Amino acid sequence: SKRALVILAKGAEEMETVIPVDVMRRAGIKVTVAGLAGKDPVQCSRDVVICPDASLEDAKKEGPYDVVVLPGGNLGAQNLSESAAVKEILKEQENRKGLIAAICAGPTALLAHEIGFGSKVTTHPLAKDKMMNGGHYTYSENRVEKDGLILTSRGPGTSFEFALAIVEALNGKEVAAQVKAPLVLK
Numbered sequence: 003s004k005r006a007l008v009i010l011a012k013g014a015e016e017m018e019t020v021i022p023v024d025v026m027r028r029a030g031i032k033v034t035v036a037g038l039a040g041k042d043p044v045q046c047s048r049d050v051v052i053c054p055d056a057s058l059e060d061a062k063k064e065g066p067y068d069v070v071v072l073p074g075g076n077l078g079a080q081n082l083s084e085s086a087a088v089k090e091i092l093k094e095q096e097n098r099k100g101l102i103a104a105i106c107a108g109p110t111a112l113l114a115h116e117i118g119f120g121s122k123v124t125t126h127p128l129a130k131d132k133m134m135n136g137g138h139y140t141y142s143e144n145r146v147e148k149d150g151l152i153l154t155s156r157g158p159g160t161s162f163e164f165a166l167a168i169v170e171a172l173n174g175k176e177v178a179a180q181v182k183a184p185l186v187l188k
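For the sequence shown, the deposited numbering assigns the number 188 to the last residue and increments by one with no breaks.
Quick look at the structure:
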């Protein structure tokens with residue numbers, strides 16, 4: 003089975019966390035929800051409290067992962083951006099030619115850690131100016147943007163598309179179609 007690391011920080015957007023975790027698990031991906039600050043429950047941007055599967059410290063020991071997923075959330079992405087541990091995980095994933103996926107404000111952590119410079123990326127419209135500071139990427143308005151091993155998306159309302167793009171990248175178009183079928187997507 004393919005494996006996914008979802009890094010969960012205080013202030014993460016809980017929809018952008020839960021939709022990818024759930025959709026990936028429907029696809030048969032083994033997902034580890036890893037708490038940035040350890041194993042304790044994480045208060046998300048609208049106060050939903052999610053209990054991680056493991057601390058990031060422990061989850062990094064059980065890698066590598068076929069995808070590292072970064073949810074958004076204003077404070078969540080800021081916490082991801084400030085973490086030396088996240089920087090190392092993202093640098094290693096980039097070096098082993100592994101997929102990195104980030105949604106909404108999540109891609110601004112790629113900028114903070116100098117990941118994937120020169121990629122075509124999207125973000126939430128409100129995060130565009132922060133992501134484009136320094137001209138280190140090319141911007142896209144697409145709801146999901148995949149440029150090689152850098153996969154980005156825009157908002158809670160693109161989370162299903164984002165998650166199914168991860169599933170397609172890891173498990174193929176047929177598995178993604180299977181998972182999509184009962185979701186009643188528009």
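Even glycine gets a Cβ: it sits at the ideal position worked out from N, Cα and C.
Measuring only the C-alpha atoms, how far is residue i from residue j?
i	j	result
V35	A14	12 Å
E163	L187	9 Å
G78	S85	11 Å
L72	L113	12 Å
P54	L82	15 Å
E18	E176	23 Å
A56	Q45	15 Å
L7	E16	16 Å
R5	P127	30 Å
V23	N135	30 Å
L153	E94	16 Å
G65	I91	10 Å
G74	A104	7 Å
For residue i, count the other beta carbons within 10 Å of its own beta carbon; 16 or more makes it buried, fewer makes it exposed. Which is it?
i	result
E147	buried
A107	buried
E170	buried
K32	exposed
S3	exposed
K62	buried
For residue i, which residues does DSSP report across the bridge?
i	result
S57	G37
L10	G37
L72	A104
Could you tell me which of the options sits nearest to residue i, measuring between CA atoms?
i	options	result
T160	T125, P54, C46 and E176	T125
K99	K132, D24 and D68	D68
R145	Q45, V123 and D42	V123
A87	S3, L128, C46 and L58	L58
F119	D149, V70, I52 and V20	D149
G157	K182, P109, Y141 and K89	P109
Next on the checklist: What ranges does the beta strand (DSSP E) occupy inside the stretch 123-180, keeping only unbroken runs of at least 3 residues that lie completely in it?
Outcome noted: 146-149 and 152-155
Next on the checklist: Going residue by residue through the stretch 13-54, where are the continuous alpha helix (DSSP H) segments of at least 4 residues, counting only ones entirely within it?
Outcome noted: 16-28
Next on the checklist: Runs of 3 residues minimum, wholly inside the stretch 77-113: which ones carry the beta strand (DSSP E) assignment?
Outcome noted: 101-105
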